[PDB]
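Okay, so here's the structure we're looking at.
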């Protein structure tokens, strides 16, 4: 279980400017990664709006020490208002020393990331979707459950949950048909369809998939090796105005 | 007999379904034979009472 | 490393095997009248 | 077999635990018990009843602190110990004072194949048979008392062990309604729980085999509430929106006057939109606001005024977990809902007031119908959990 801390960027910055001068303050070597790929918003075609640039590096020498392991993953655009954001995992001094170094370098100031219901559910859609080496999209499904914590007096109803077996998830999407957003057309309406509760209006605490991710508003938790690309893209649009 | 538990459960489900289907078919054919016998009895009893 | 990737693949296979039994027993419990 | 205990045995109960039992009882009830206690078994006080009731009256006159009188009855009147009958009295008086602190579980009595057996308990005969069936194994002492404002007959059974004074165990409470197959008993999972409950079934039958089946698995406190929930009453099987039928106040007698019949007056109603306009959203008229708030109360309380602040339901429940199964495209879709809180159906009512949940599309089981029962739902029919 790895907990990810999210964080945004005010204006677009350049990070490969001085990897030689980012090390003497820290006294050990740090590598560089330059990478960009296609992020198809629509399978039929994609404009220049999905042009994304991603950076990644670490601060470590000891591979045996799995606990003292941290990664800083960057990704974002350059044409909309907010250019990019950033994410990191783990607690250490290495998670901030570079952070001050670009505190006083570029003039960008940080802010915690806010999630609400309009965004929280749609993250699991990007988590469950998969891409192969032949650019073929198939979905690996998971038995999602939701956490609800409604604020009330007398604490009459303080917490309740909804659980869906994902074979029934299979039976819902197939009934709707081939959809790229299963939670738009098979799951979320069906809860309103039967029980009459609006998931989005109600205060949602957590969306849990079966052993793949752990989504909460305060922070996202995932047991994978590294976060994917569709997740970061949907986060970027959500925090965009 | 099978080793994997999933195969055991699938075979149990198939066994239940097969048993139910066989029972239904037997009931249907026996009901048809019952109808034939009842028709024969009625058609003979009509002449008897006449 | 290679060992870590092998461990991740083993974990994924184990999770799939665990979920298959749950799906099968859910189907069985569906078939039962009680 | 003289293993039964009389009303004069003195177990070696700790002074501290019985000190805390008298802690909760009010001052005015301590005076009443002390006068009755001396009239039955006496005490170590060197005086008559008149002398005792004189000094005890003076403790009231001076406003004497309860710690003094509690120490007086524990270290002066009965320094040696406390009687079993006195312990039963303090237990039952604590039961009456604080009925919300004790939990109960329902159980059903069956005779033959599936014919329910209504219980008819004789206060005398039910005692000696139970004593005979229990003393052959363990020391047994029982006490019966009737609820002051309820028709139930609460029976407490305590069992003693030899490890020489006897060591008291946790008492077992079994509540018998007047005439109902349902029997409410306390929660216990020890050697004594299966020995006391089993002995009761053999004792109360006396002519045919009687078996006990647990109706529910989640205990509910407030013995007053469980009687309305599952005991013999009109409100059983007509809860939720159908609570108006339990108390036939909407319909007048045939001999009653016919101008007051609501056929002439009619009812004030509002049109509900069958087209889905709840998802998208203008300030509502106060009259429209009042009618909208009335719709929520009708489907959770059963009437505009309410059978019973306003969000409290008739019977609060803690945990209810539903399971919904439907068939779509020749396969079953299962959704499991679990609720937890103080008043589940009261909480859902408030959320409908804040426009979070559509009031038109909530089903009957979510509205409070057949409450306190959790089970699978199919084809619009509710099935209780086995």
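Protein chains in written order, with the entry's author numbering: chain L, 2 to 242; chain A, 252 to 301; chain B, 218 to 251; chain N, 3 to 165, 192 to 309, 315 to 341, 374 to 451. The C-beta atom is built at its ideal place from N, Cα and C for all residues, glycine as well.
Quiz item: Do you know how far the Cα of residue 265 of chain N is from the Cα of residue 282 of chain A?
Solution: By one-based count along the second chain, residue 282 of chain A stands at place 31. By one-based count along the fourth chain, residue 265 of chain N stands at place 237. In a straight line, the C-alpha of residue 282 of chain A is about 41 Å away from that of residue 265 of chain N.
Practice problem: Measure the beta-carbon distance from residue 38 of chain L to residue 230 of chain L and round it to whole angstroms, keeping in mind my assumption that it falls under 8 Å. | Solution: By 1-based counting over the first chain, the position of residue 38 of chain L is 37. By 1-based counting over the first chain, the position of residue 230 of chain L is 229. Indeed they touch by this definition, with Cβ atoms about 7 Å apart.
Quiz item: When DSSP labels each residue in this structure, what does residue 306 of chain N get in the three-state scheme?
Solution: The sequence position of residue 306 of chain N within the fourth chain is 278, counting from 1. Residue 306 of chain N falls in the coil class under three-state DSSP.
Quiz item: Can you give the Cα-Cα distance for residue 202 of chain L and residue 421 of chain N, rounded to whole angstroms?
Solution: Translated into positions along the first chain, residue 202 of chain L becomes position 201. Translated into positions along the fourth chain, residue 421 of chain N becomes position 356. C-alpha separation (whole angstroms): 6 Å.
Quiz item: Roughly how many angstroms separate the alpha carbons of residue 399 of chain N and residue 447 of chain N, rounded to a whole number?
Solution: Your numbering for residue 399 of chain N matches position 334 in the fourth chain. Your numbering for residue 447 of chain N matches position 382 in the fourth chain. Approximately 15 Å between the Cα atoms of the pair.
Self-check item: Other residues of its chain near residue 257 of chain N: CB distance less than 6 Å, five sequence neighbours each side excluded
Solution: On the fourth chain, residue 257 of chain N is found 229 positions in, with the first residue counted as 1. Closer than 6 Å at Cβ, skipping near neighbours: 380, 437.
Quiz item: What are the residues of the stretch 214-241 of chain L that lie near chain B, defined by any Cβ-Cβ distance shorter than 8 Å?
Solution: 226
Quiz item: Expressed to the nearest angstrom, what Euclidean distance is found between the alpha-carbon atoms of residue 269 of chain N and residue 263 of chain N?
Solution: Position 241 of the fourth chain holds residue 269 of chain N. Position 235 of the fourth chain holds residue 263 of chain N. Answer to the nearest angstrom: the Cα atoms are 11 Å apart.
Practice problem: Given a cut-off of 8 Å, decide if residue 125 of chain N and residue 97 of chain N are closer than it, judged by their beta-carbon atoms. | Solution: The sequence position of residue 97 of chain N within the fourth chain is 95, counting from 1. The sequence position of residue 125 of chain N within the fourth chain is 123, counting from 1. Cβ atoms of residue 97 of chain N and residue 125 of chain N: not closer than 8 Å.
Self-check item: Cutoff 8 Å; reference residue 397 of chain N; Cβ partners in own chain excluding five residues on either side
Solution: Numbered from its first residue, the fourth chain carries residue 397 of chain N at position 332. Only 390, 391 meet the Cβ criterion.
Quiz item: First and last residue of the alpha helix (DSSP H) that includes residue 429 of chain N?
Solution: In the fourth chain, the residue the question calls residue 429 of chain N occupies position 364. Per DSSP, residue 429 of chain N belongs to the alpha helix (DSSP H) from 429-432.
Practice problem: Consult DSSP for residue 143 of chain N and reduce its assignment to one of helix, strand or coil. | Solution: For the purposes of this step, residue 143 of chain N is identified with residue 141 of the fourth chain, where counting begins at 1. Here residue 143 of chain N sits in strand by DSSP.
Practice problem: Within the same chain, show all residues whose beta-carbon is closer than 7 Å to that of residue 110 of chain L, passing over the 5 residues directly before and after it, in chain order. | Solution: The count along the first chain starts at 1 and reaches residue 110 of chain L at position 109. For residue 110 of chain L, where only same-chain residues beyond five positions count, the Cβ hits under 7 Å are 11.
Quiz prompt | Cα-Cα separation between residue 224 of chain B and residue 70 of chain L, rounded to whole angstroms | solution = Position 7 of the third chain, counting from 1, holds the residue named residue 224 of chain B. Position 69 of the first chain, counting from 1, holds the residue named residue 70 of chain L. Cα-Cα distance, rounded: 18 Å.
Quiz prompt | Chain-order list of residues whose beta-carbon lies under 6 Å from that of residue 423 of chain N (same chain, five-residue window excluded) | solution = Stepping through the fourth chain from its first residue, residue 423 of chain N is reached at position 358. Excluding residues within five positions, the ones whose Cβ falls inside 6 Å are 306.
Quiz prompt | Distance, residue 203 of chain N Cα to residue 209 of chain N Cα | solution = Taking the fourth chain and counting its residues from 1, one reaches residue 209 of chain N at position 181. Taking the fourth chain and counting its residues from 1, one reaches residue 203 of chain N at position 175. Taking the straight line joining both Cα atoms gives about 12 Å.
Exercise. Kindly indicate if chain B contains any beta-carbon less than 8 Å away from that of residue 2 of chain L.
Key: Residue mapping note: residue 2 of chain L aligns to position 1 of the first chain, counting from 1. It does not; no Cβ of chain B falls within 8 Å.
Practice problem: Sort N:383, N:449, N:101, N:34 by Cα distance to residue 435 of chain N and report the nearest one. | Solution: In the fourth chain, counting from the first residue as 1, residue 435 of chain N sits at position 370. It is N:449 whose Cα lies nearest to the Cα of residue 435 of chain N.
Quiz item: alpha helix (DSSP H) containing residue 405 of chain N: first to last residue?
Solution: The count along the fourth chain starts at 1 and reaches residue 405 of chain N at position 340. Residue 405 of chain N -> not in any alpha helix (DSSP H); beta strand (DSSP E) instead, spanning 397-405.
Quiz item: Closer than 8 Å, CB to CB, is residue 151 of chain L near chain N or not?
Solution: Here residue 151 of chain L refers to the residue found at position 150 when the first chain is read from its first residue. Answer yes: the Cβ-Cβ gap between residue 151 of chain L and chain N drops below 8 Å somewhere.
Practice problem: Look up residue 25 of chain L in the DSSP assignment and say whether it is helix, strand or coil. | Solution: In the first chain, the residue the question calls residue 25 of chain L occupies position 24. Reduced to three states, the DSSP call for residue 25 of chain L is coil.
Quiz item: Taking the continuous beta strand (DSSP E) assigned at residue 106 of chain N, which residues delimit it?
Solution: Locating residue 106 of chain N in the fourth chain gives position 104, where the first residue counts as 1. Per DSSP, residue 106 of chain N belongs to the beta strand (DSSP E) from 105-113.
Quiz item: Is there contact here, the stretch 111-126 of chain N with the stretch 227-247 of chain B, by at least three beta-carbon pairs under 8 Å?
Solution: no
Quiz prompt | Buried/exposed call for residue 286 of chain N, threshold 16 Cβ in 10 Å | solution = Looking up residue 286 of chain N in the fourth chain gives position 258. By the 10 Å Cβ count, residue 286 of chain N comes out exposed.
Practice problem: Tell me, please, which residues DSSP counts as bridged to residue 268 of chain N. | Solution: Counting from 1 along the fourth chain, the entry for residue 268 of chain N is found at position 240. Paired residues: none, contrary to the question.
Quiz item: Which residues in the same chain as residue 271 of chain N place their Cβ atom closer than 8 Å to its Cβ, once the five residues preceding and following it in sequence are excluded?
Solution: Numbered from its first residue, the fourth chain carries residue 271 of chain N at position 243. Cβ neighbours of residue 271 of chain N beyond the five flanking positions: 263, 334, 335, 336, 340, 379.
Exercise. Examine the Cβ distances between the stretch 16-29 of chain N and the stretch 65-78 of chain N and report whether three or more of them are shorter than 8 Å.
Key: yes
Exercise. Just mark residue 95 of chain N as buried or exposed, buried being the case when its beta carbon has 16 or more other beta carbons within 10 Å.
Key: Against the fourth chain, residue 95 of chain N aligns to sequence position 93. Buried: at least 16 other Cβ atoms inside 10 Å.
Quiz prompt | residue 214 of chain L in three-state terms, based on DSSP | solution = Counting from 1 along the first chain, the entry for residue 214 of chain L is found at position 213. Strand.
Quiz item: Between the C-alpha atoms of residue 384 of chain N and residue 72 of chain L, what's the straight-line distance to the nearest angstrom?
Solution: Taking the fourth chain and counting its residues from 1, the one referred to as residue 384 of chain N is at position 319. Taking the first chain and counting its residues from 1, the one referred to as residue 72 of chain L is at position 71. Roughly 43 Å between the two C-alpha positions.
Practice problem: Output yes if chain B places a C-beta closer than 8 Å to the C-beta of residue 267 of chain A; else output no. | Solution: Residue mapping note: residue 267 of chain A aligns to position 16 of the second chain, counting from 1. Yes - at least one Cβ of chain B is within 8 Å of the one on residue 267 of chain A.
Quiz item: Any Cβ of chain N within less than 8 Å of the Cβ of residue 183 of chain L?
Solution: Residue numbering aside, residue 183 of chain L sits at position 182 when the first chain is read from its first letter. By this cut-off, residue 183 of chain L is not an interface position.
Practice problem: For residue 18 of chain L, collect the residues of the same chain with a Cβ closer than 6 Å to its Cβ; drop the 5 residues on either side in sequence, then sort them by chain order. | Solution: Counting from 1 along the first chain, the entry for residue 18 of chain L is found at position 17. Contacts found: none.
Quiz item: Alpha carbon to alpha carbon, how far is residue 279 of chain A from residue 289 of chain A?
Solution: Counting from one through the second chain, the residue named residue 279 of chain A turns up at place 28. Counting from one through the second chain, the residue named residue 289 of chain A turns up at place 38. Cα to Cα, residue 279 of chain A sits roughly 15 Å from residue 289 of chain A.
Quiz item: If we cut at 8 Å on Cβ distances, does residue 244 of chain B have a partner in chain A?
Solution: Taking the third chain and counting its residues from 1, one reaches residue 244 of chain B at position 27. Closer than 8 Å to some Cβ of chain A, the Cβ of residue 244 of chain B qualifies, so yes.
Self-check item: Contacts of residue 231 of chain B in chain L (Cβ-Cβ under 8 Å)
Solution: One-based indexing of the third chain puts residue 231 of chain B at position 14. None at all; the shortest Cβ gap to chain L is about 10 Å.
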